Structure formats: C-alpha cells, structure tokens
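A.B. asks: Protein chains in written order, with the numbering used here: chain A, 1486 to 1749; chain B, 1486 to 1749; chain C, 1486 to 1749; chain D, 1486 to 1749.
All C-beta atoms in this analysis are idealised placements derived from N, C-alpha and C, irrespective of residue type, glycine included.
There are 4 protein chains.
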Amino acid sequence: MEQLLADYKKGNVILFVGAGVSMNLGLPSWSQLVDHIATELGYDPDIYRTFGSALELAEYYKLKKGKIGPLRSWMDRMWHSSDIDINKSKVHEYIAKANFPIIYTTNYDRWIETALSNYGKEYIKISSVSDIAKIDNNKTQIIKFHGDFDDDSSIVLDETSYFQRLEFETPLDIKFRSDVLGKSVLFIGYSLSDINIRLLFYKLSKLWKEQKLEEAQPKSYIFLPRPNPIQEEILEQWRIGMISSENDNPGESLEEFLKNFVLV
Amino acid sequence: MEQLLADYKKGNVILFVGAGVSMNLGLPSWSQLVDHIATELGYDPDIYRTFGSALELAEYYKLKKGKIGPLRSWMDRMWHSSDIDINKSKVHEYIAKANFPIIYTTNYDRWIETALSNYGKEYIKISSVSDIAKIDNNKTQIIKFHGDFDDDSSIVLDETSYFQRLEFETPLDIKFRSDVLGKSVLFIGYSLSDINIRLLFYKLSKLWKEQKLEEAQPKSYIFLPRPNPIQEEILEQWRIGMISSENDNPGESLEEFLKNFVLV
Amino acid sequence: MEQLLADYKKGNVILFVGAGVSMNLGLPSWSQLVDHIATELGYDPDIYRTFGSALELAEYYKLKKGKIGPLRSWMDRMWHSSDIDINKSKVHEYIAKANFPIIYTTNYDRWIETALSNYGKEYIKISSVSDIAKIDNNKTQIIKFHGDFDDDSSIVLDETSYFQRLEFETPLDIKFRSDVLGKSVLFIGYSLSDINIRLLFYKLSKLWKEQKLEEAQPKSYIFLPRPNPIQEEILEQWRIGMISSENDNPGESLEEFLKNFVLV
Amino acid sequence: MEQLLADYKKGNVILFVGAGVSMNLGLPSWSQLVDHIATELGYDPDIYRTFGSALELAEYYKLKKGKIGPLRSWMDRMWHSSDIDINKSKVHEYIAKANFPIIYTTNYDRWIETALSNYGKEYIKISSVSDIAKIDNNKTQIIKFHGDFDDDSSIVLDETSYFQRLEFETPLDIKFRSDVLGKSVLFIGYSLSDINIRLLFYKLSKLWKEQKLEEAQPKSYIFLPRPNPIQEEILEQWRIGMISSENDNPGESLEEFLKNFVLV
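1. Pick helix, strand or coil for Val1747 (chain A), following the three-state DSSP scheme.
2. Grouping DSSP H, G and I as helix and E and B as strand, with all else coil, what is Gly1527 (chain D)?
3. Is the beta carbon of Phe1630 (chain D) closer than 8 Å to that of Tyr1687 (chain D)?
4. If you compare alpha carbons, which of A:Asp1531, A:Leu1651, A:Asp1658, A:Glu1644 is closest to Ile1617 (chain A)?
5. Should the region 1700–1712 of chain B be called in touch with the region 1662–1672 of chain B, which here means at least 3 C-beta pairs below 8 Å?
6. Which residues of chain C have a Cβ atom closer than 9 Å to the Cβ of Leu1548 (chain D), listed in chain order?
7. Between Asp1637 (chain B) and chain C, is there a C-beta pair that is closer than 8 Å?
8. How do the region 1641–1659 of chain C and the region 1720–1739 of chain B stand: do at least 3 beta-carbon pairs fall below 8 Å, yes or no?
9. Pair every Cβ in the region 1551–1564 of chain D with every Cβ in the region 1573–1584 of chain D, then say whether three or more of these pairs are closer than 8 Å.
10. Answer with buried or exposed for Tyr1604 (chain C), where buried requires no fewer than 16 other C-beta atoms within 10 angstroms of its C-beta.
11. What span of residues does the alpha helix (DSSP H) with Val1576 (chain C) cover, start to end?
12. Identify the contact partners of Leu1743 (chain C) in chain D, using a Cβ-Cβ distance below 8 Å as the criterion.
13. Helix, strand or coil, according to DSSP, for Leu1651 (chain D) in the structure here?
14. Spatial neighbours of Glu1598 (chain A) within its chain, please: CB distance less than 8 Å, with the 5 preceding and 5 following residues excluded, ordered by chain position.
15. Whole angstroms are fine: how far does the CA of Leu1684 (chain B) sit from the CA of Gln1649 (chain A)?
16. Check the Cβ-Cβ distances between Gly1537 (chain A) and every residue of chain B, and say whether any is below 8 Å.
17. Please identify, using Cβ separations under 7 Å, the residues of the region 1623–1655 of chain B that lie next to chain A, in order along the chain.
18. Drop a sphere of 10 angstroms on the beta-carbon of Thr1625 (chain D), count the other beta-carbons inside from all chains shown, and report buried for 16 or more, exposed for fewer.
19. Given this structure, state the Cα-to-Cα distance separating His1565 (chain C) from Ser1705 (chain B), to the nearest angstrom.
20. Quick one: what does DSSP say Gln1702 (chain C) is sitting in, helix, strand or coil?
21. Measuring alpha carbon to alpha carbon, tell me which of B:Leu1743, B:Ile1725, B:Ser1676 ends up nearest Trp1693 (chain B).
22. Which residue wins for smallest C-alpha separation from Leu1500 (chain D), given the options D:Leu1677, D:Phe1661, D:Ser1678, D:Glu1544?
23. The beta strand (DSSP E) that contains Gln1626 (chain A), what's its start and end?
24. At a Cβ cut of 7 Å, what residues of the region 1487–1516 of chain B count as close to chain C, listed as they run along the chain?
25. By Cβ distance below 6 Å, which residues in the same chain neighbour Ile1569 (chain C) in space, the five residues on each side in sequence not counted?
26. Ends of the beta strand (DSSP E) at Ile1728 (chain D)?
27. Quick one: which unbroken beta strand (DSSP E) runs of 3-plus residues sit fully inside the region 1531–1606 of chain B? Chain order, please.
28. Are any of the Cβ atoms in chain A nearer than 8 Å to that of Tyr1593 (chain B)?
29. Taking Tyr1545 (chain C) as the query, report the chain D residues whose CB atoms sit under 8 Å from its CB, ordered along the chain.
30. Using the Cα positions of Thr1535 (chain D) and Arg1534 (chain C), report the straight-line distance between them to the nearest angstrom.
31. Would you tell me roughly how many angstroms separate the C-alpha atoms of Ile1715 (chain D) and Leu1542 (chain C), rounded to the nearest one?
32. Under a three-way DSSP split, which group does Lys1668 (chain B) fall into?
33. Along chain B, in chain order, which residues have C-beta atoms closer than 9 Å to that of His1565 (chain C)?
34. Looking only at DSSP bridge pairs, what is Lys1688 (chain D) linked to?
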C-alpha cells in the first residue's frame, strides 16, 4: 500500500477498470444480455445458457445475425439509459477526482468519460490507432483497451475477437507496453476467474524477462475485496502483489480503497 | 462423417485422446487429486476448491513444495495402479485395433501404450526432441503432447508451463504442424467447456485454419456425446464439425463411435 | 555399546539407513530391477548381468532411454506398491518409536517417512538444498542423502552420479559434516563390501585430522550382524567401532539391536 | 584404432601397465599372495576371502605386522625370482621395441625396466619427486605410479594408501596432468571390473576429459580382449574408446595388438 502511494505521488501508476467498478451504477449485467439474445433467438434464457459460457452465446448471435450490429445497438441503448445517474456512484467520483494520468479500461460504456466530464476534467479518449495522435499531456488518456461502441471492428464481444486479443499483436497493446515499461499498473474491478487478465500478467512477466530489465518497473497491484491467500502467492511469482480490503460489501470497500487517492 | 471415413481409409487422420478415454478405466479423477493436494497441505478437500479451478491449485502445491516432483510421483503411483486392467477397456481396445498412423495425447498416463503392448501393435513413444531421431515410418508413434511421467521438465500440469506451451515453441509443436500439414485430426474425449481447453483448440485451429492453399488440410473433427448447435456454429467457424451419437452414457457412445473405425 | 546408549540418552546419535532395513518388508531387490531393465532392453535376465554390475546396467538403461525417467517411474511404482504393509515390519516400528533427532538415509523409498507418520511422529523431509529452511527441532529430520523420486537430478542411480556423490562437494554433504561434527553416527543395514561407506569413513577421519579436533567427535558405530575380526580391525583405525549380534538370522537380530532404543 | 595409430605417429600417446602384462611372464598373482598372508597369520588360504577382497587383507597384514616391511620384502622376492626370463615374453618385447616416449605403470615390479635394459633401449625410472629432476626427454621415461620396492613410503598396496591416492596430491599426479594435457593415453591389462579399478579410471578420467575444449583434448583408449556394449557406452562420455580383439586367449590378443606398434 505505502509503496503504491509512493508510486502514485510520482505519477507512475496506470489504472485499469473492469466491470466491478461498473457494478455500482446498476448497469445491465451479462445475464440480462443473455436473456435478451435468448429472446431474440426465441430461446428460453436458461436452456440457452446451459450450452454456452456467455461469450459463446454472443458468438452464436453474431454468426446468426451476421454481425454484432443489433447486439452493439442493444448494449449501447441499455448501457446508457436515461435513469442511470453518475452522481450517485462514489467510485466514479473518486476515480475522476484522483490524479491518474493514464486510465485504461476494458469496459464498453462511456461512464468513466462521463464521470470525467461531470467533474470538470478534460480528457482524450483513445479507441483505435488513429487517436494516439490526439494525446495531450494536460488531459487524462482513456484507452478503451477492449474497444468501444463507436467502432464495430474494434469490439471484442465474441470468442474469436477475444482470441486475437489474446494473441496480443494489435497496436493498442504496443502502446500499452510503451506505457507500462517504466511505471506500475493498478487493476481494480477484476476477478481471477477471468483468463485474459492472467495471461496478460504472464505476457508482461515474459516480456520483461526476455529483454533484460528485471531491475526496472516495480510490481503491479490488483485490488480484491476478498483476501485470497494462494492466489496472492501465485500472483507474487509474476511480480504482482495483491491488495485485500477489510470490509466485505464490495461497493463501499472499493470506495474506501479509492478514498486514498482523492486527498492528494 | 462419411468423408472422414473415406479419409480414414487413406490414413490421413490423427487421433487425439483426452480424459474421456481415461474415464472408462476407473482411474482416479482430477477432483480426488485436488482432494489429495488439499489434505497434503492441511486444507479441507472442498475449502481449497474455492480458491481457483485446477491449474492454480496445482501451482500452489508446486510452489509450496518447490517442484512438481511429489505430485508427479503421486500421480504415477495412482494412475498406474495394479488394480486397473487394460483388457476390460473396450475403448482402448477399439483404439488399438484401428489403423491409426499417428496418435497424439494430452494425457500423462501410458494406458494407450499399455493397450498397444497388450494388443500386439508395436509403437514408438515420443516425449521430447530426442525421440524424433528414433522415428520409424512403419510403426505407429504415440506423441505425449502434454508430456509424460518420464520427464518433470515437460509436464504440463501447472499454469506456468501451460502458458509456456500456449505460444507453441517446443519441437513437439513443430512436429505437430508438420504432421497436420495435409491431414485431418480426431479429437475424442474432450469437454469444450473450460476455456483453457477451448483456447488450445483455437491456437491449434489456427494451424490448419489459416491454411487453405491446395490440400485444404481437409478439416478435422471432434466427437462429442451430446449434440449441440452453438458449438456447432462456432466450431463450424474455425474448421471442425462434430459428430454426435444418440446415447446417454459416454463410454458406450465412444465404443459405438469407434466401432466404425475398428472393422475397417 | 554402553557408550552408545549413553550417547543416545544425551541425543548425540545420528542414524543411517541402507537397504538392509528395507529387506524385511518384501521390497523388490536390485536383481529384480536388473530383470526389468533386461526385459526393457530385450536382454534375458542373466546374460545382461554377465557383462556388467548393477550401476553400469542402470547407466546403460539411462543412456538408452536418454534419462532416468522410465527407470525412476518403475522404481517408484514397484517400491510403493499398495500390498506392502508397514505395520508388519518391527524394524520400522523400532525406528519410528526411537527418539532419533536426525535420521539420514540412502534409500530412495518413502517407507521411513511413512513409518514415522504412521506412529504419530511429525517429521520434515529434506531432499535438496531448498528444504533446509524448513527445519524444525521438534520434528525429526528425514534426510534423503542419496536423493529420492521427487527429483531426477538429485537421484544417484548411475555410475557417473555415484562418482559425483563420491567426490563429496554437495551442499547436503556440507550439511552432513555440520551435523556430524559434535555427534556419534550409528550405521545400520549396510554391507561392508560397499565402497562409498568406506571412503566416507576415510573422508571423515581425514577431515577430522586436518581440523585439530581429534579429542572432539566421539567415535561412530556400524551394526553388522555377522562378526568380522579383521573388518573391525581396519574400521578401528578410522574411529568406528563395529557392533555384532548373536543370532544369525538378520531380521530379529536387527530388531533385538533396535530394541535398546525404543524403551528409552 | 586408426586414429590411435595416427596419433601414435605423432607421438602423443602414453601407455599404462596393468596385470595383463604380468600374467604372461607367470608372476605370483594376487591369489597366492593372499594365500601367503593367510598362512603367515595362521589362517586358511581361502578363509580370508570371506572377510575382504585384497586391500582390506593387505591393510590387516600391515596393521598386524606394524608396517608393510615383510610384505614388500616377500613381494619383491617373489616378483623378481630367478626363474623368470624376460626374453620369453613377447609382450614385453613388443613394448620394448615400441617408440613410446612416456610409460606409466601401476605395477610394482621392475620387469618393464628389465625389458628395456634387455633390448637396449635406455630409460629413466621415476618413483618420486627426487627422480623428476633427472628427466631427459631423449631417453624414455618409466613412472611407477603406485610405487616400487626401493621406497616403502610410496608403494600403494593397502586400503589406506589407495584411499590416500584417490585425491591425487602427489607430484606424480601433477606430472601426469602435465603429460596428459595435449596428449592421449593407453590402457592394457585393466579388467575395469573391480570398483576400485573402475574408480581410479574415473578419477583419472577427469583430468583430461575433465579439461574442457581447446588445444586437442585428445581422447584415449583401453585395450580389452572382450567386446562389450555396456562399457563402451559408459567409457564414451569419458573420452575413452576401446579396441576389442576377436580372440579368446589374452596373451596372443595382446601380442597381436602390440604388433601394430612395433612396425611404426
């Protein structure tokens, strides 16, 4: 913790956002997305989810409708509905009020950008390789590392798109390596049942292991509300410490963790 | 499937073996291996199960013991016990009597070698680059793709050497690429239900997948005991049509599927 | 003899173990191992032992298979077969119930560890240099001085590895000199025709002759059930007193010898 | 063997002497010397062989008589008797006519010196560091590697002197290391079938093969009349090939092997 605040005072921390930050807004979950595509395919939305681990169901929806078009239209409609209030979430307020230079995300929504616009912070949203030219160092860089609703070719929403992201050769990953070469990277709102984040940590450990800079770039951190001891011990071997909260309810625990950065 | 049989007369087919073949023999499963790990480390057999799925549990046991030595010894003693006979295995008999030129496996035990020794068909077991020079074209070759108990360096049981194997730099991967050039593959006994597994395929898929020039690398196939349209559409994307039986028990489903290959 | 029991009451004794205590449990002999490697190399199990002597034959098996992997697999399989009972051997019961702080062994099996756990005695198994950090004084330190099946590199099974261990610069050997330096050493179950025991004796006697502590180091002891006058005379100049029994059958002779330590 | 004769033209070959050279002349071997020690100490000639091999016997005679005085005097009297003629040994004639620059011998007799004196080739006898000052390239060198009968302190015939000679600190070992760098060695009459022997062989084996690369690191050879797979596959790591004859008697096999060196 204290070493993380020492790196944050130097500005060498890069923030990741997952869906766990987005849980506080009352956004639609992936289960109701499965319900919507099951009703669109005329399936009962339990017998549809026997034979699919969500993203395989989105693969079937893409291969049935021909594209991710109606699917992206539906998530852009209900992910930014009018009843969603950004001022009731303390996590987004503490994200926007903190002095984070680069904020990466794998979310598909725009509520981090909406939270930054709400609290009077200028930002540059980066989604593809063309937007890297618009980087201003007085503004917060938002990289939609998993794509955004403004481009269907850059959306990861299916097994195949997840798999060429797991190949890790798109130029956003080249920019990502270029930002995390000197700094530490903080991960909030993720779960370790996810495979792509663990393979991302492993790819970082392999990349820093081939080119000889073991002594450079201090260890990354991931925040968890549940203290997992042996997951901490296995993540230590890749040079990633875990940070465990004390409170059990994850919304106020995550808000109490993000409270440590706004005062600076 | 008839075109698969027509290619199978030509001998242009490769056999893969998963855990579904090993289910018939009465071998100790992965769950009781996790229970043995937990009782060795002092945990309860199901408290320790709520700590990650399989590979991270195996790597936590490895890091608390320094190496995978005791666990390899325990799996060699339990998976080659004297109370298991290959003569009662109809599935291994059906594999052994078939004229498969090259057989691959992701299982660590040598029960396919035990079946080929019992049923008289001579084989050459490949586990490293040393056995590549001892190849002989008139004898079948069993390639342990995930290693075997004769070498602790090439055992794929922990997440670290697994994620080492995911980029496909070992000479077994180049040997598999050269063997799959212009030929088809049978995957039997796999449950495309655990990301990892899937991933593999993808990668592996690529091999033949991207390929199209001449040949066609036909298009391999996978057997499943359960007919299913979603994985039919996704696996119909990569390059793999499944064949499904009309039965419930997987052992006799494998027997009646392999009986099409036995009699010719 | 009374000096040895006086040293045992002070806890200055370090016990060794050869194959002689392992003969009582119906363990396979080496000759049976010679038969197995003759069958695996296709030799009849007499012609293969005309032109070699045990360690060589294991060298040739290691060379033909490229490693000691299949050798260690068969060793581990038939050395821990489930029909072998540990409670029926009174030798291991007298080993486990006796208050021995540090126990060395050259056996590759786990039967001393299984006998120590079978009678409710905690222990710490040491096989490599990393295990020395887990030493507890309240647990007996089972030390696999010749290695065990949990590591292929630590196993001495071949003539070249026998010469590595006969050189005596391993870190386990440095640890061994550190335990021996104040204490007497009791050897049981060893044959006097072995080379490494005599050259270990000579290395110990020379090393105490270079560092001037002849007055320190009460003399070691070896238990041979067959009396031998001239072998006692050569071992007397290396400060090892030979101890001989009366009954000629070695099993109850060794049990009556180890009876003197269980009651204390 | 062709490479052996090619390097023999280059003069980079050294020769060792074992008991196979001595068996042609009809010297009293180790068996009747054991019988003489046994009837000297009051035992039966074959009752000692249940107590030790040879070195334990020689050390027991040394410890009983106080020194090796009577044993060296008896061995010098029986190994230089008047009924032994050096002209009848064709093997001794063949090593006399060969142009070997350096000769090493582990035999304690002086029959190599007697053969060189009989056939007129002038030599230099080395037994200690006092003889190393009298070197003279020109002549040929004979080095009693295990001592002779002029010096009782350097003769290596008991277990303790042999155990002093494994670790190679005498100046003969430094002279031997300087001779072997850049050159190859021969071995004849060396059963390689008695641990000890094997041992030295190995220890020695090191030095050269020990030496890494560069220069020539010439190999080395041992002549055995019996062909054998296990020991060539074990001696080939040590950079020692062997040459096998097709004949049963070792005397004429030795004679026809050393006939190849007198004509060059």
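C.D. replies: Quick look at the numbers:
1. In the displayed model, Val1747 (chain A) falls within a helix according to three-state DSSP.
2. Coil, per DSSP.
3. At least 8 Å separates the beta-carbon of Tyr1687 (chain D) from that of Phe1630 (chain D).
4. Looking at the Cα atoms, A:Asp1658 is the closest of the given residues.
5. As far as the Cβ criterion goes, the region 1700–1712 of chain B touches the region 1662–1672 of chain B, which means the pair count is three or higher.
6. Chain C residues near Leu1548 (chain D): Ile1715, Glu1718, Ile1719, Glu1721, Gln1722.
7. Interface criterion met: the Cβ of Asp1637 (chain B) is under 8 Å from a Cβ in chain C.
8. Contact between the region 1641–1659 of chain C and the region 1720–1739 of chain B is absent, because fewer than three Cβ pairs lie under 8 Å.
9. By the Cβ test, the region 1551–1564 of chain D is not in contact with the region 1573–1584 of chain D, since fewer than three Cβ pairs between them sit closer than 8 Å.
10. Exposed.
11. Note, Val1576 (chain C): alpha helix (DSSP H), 1575–1582.
12. Simply none; closest approach about 26 Å.
13. In the three-state DSSP reduction, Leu1651 (chain D) falls in the coil class, being neither helix nor strand.
14. Around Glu1598 (chain A): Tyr1608, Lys1610, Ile1627.
15. Each residue's alpha carbon lies about 11 Å from the other.
16. Yes, its Cβ sits closer than 8 Å to a Cβ of chain B.
17. Of all residues in the region 1623–1655 of chain B, the ones placed with a Cβ closer than 7 Å to any Cβ belonging to chain A are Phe1648, in chain order.
18. Of the other Cβ atoms in all chains shown, 16 or more fall within 10 Å of the Cβ of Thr1625 (chain D); this residue is therefore buried.
19. Rounded to whole angstroms, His1565 (chain C) and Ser1705 (chain B) show a C-alpha spacing of 42 Å.
20. Coil.
21. Of B:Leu1743, B:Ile1725, B:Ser1676, the residue nearest in Cα terms is B:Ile1725.
22. It is D:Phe1661.
23. Boundaries of the beta strand (DSSP E) around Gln1626 (chain A): 1625–1629.
24. Cβ contacts with chain C come from no residue of the region 1487–1516 of chain B.
25. So the qualifying residues of the chain are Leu1510.
26. Secondary structure note for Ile1728 (chain D): its beta strand (DSSP E) is the uninterrupted segment 1726–1729.
27. For the region 1531–1606 of chain B, whole beta strand (DSSP E) runs of length 3 or above, ordered along the chain, are 1587–1590.
28. No, no contact with chain A.
29. The contacting residues are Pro1714, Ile1715, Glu1718, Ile1719.
30. Rounded to whole angstroms, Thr1535 (chain D) to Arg1534 (chain C) spans 22 Å at the Cα level.
31. Going by the C-alpha atoms only, they are around 7 Å apart.
32. The answer is coil: DSSP assigns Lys1668 (chain B) none of H, G, I, E or B.
33. Chain B residues near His1565 (chain C): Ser1558, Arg1562.
34. Answer by DSSP bridge pairing: none, since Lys1688 (chain D) is not bridged.
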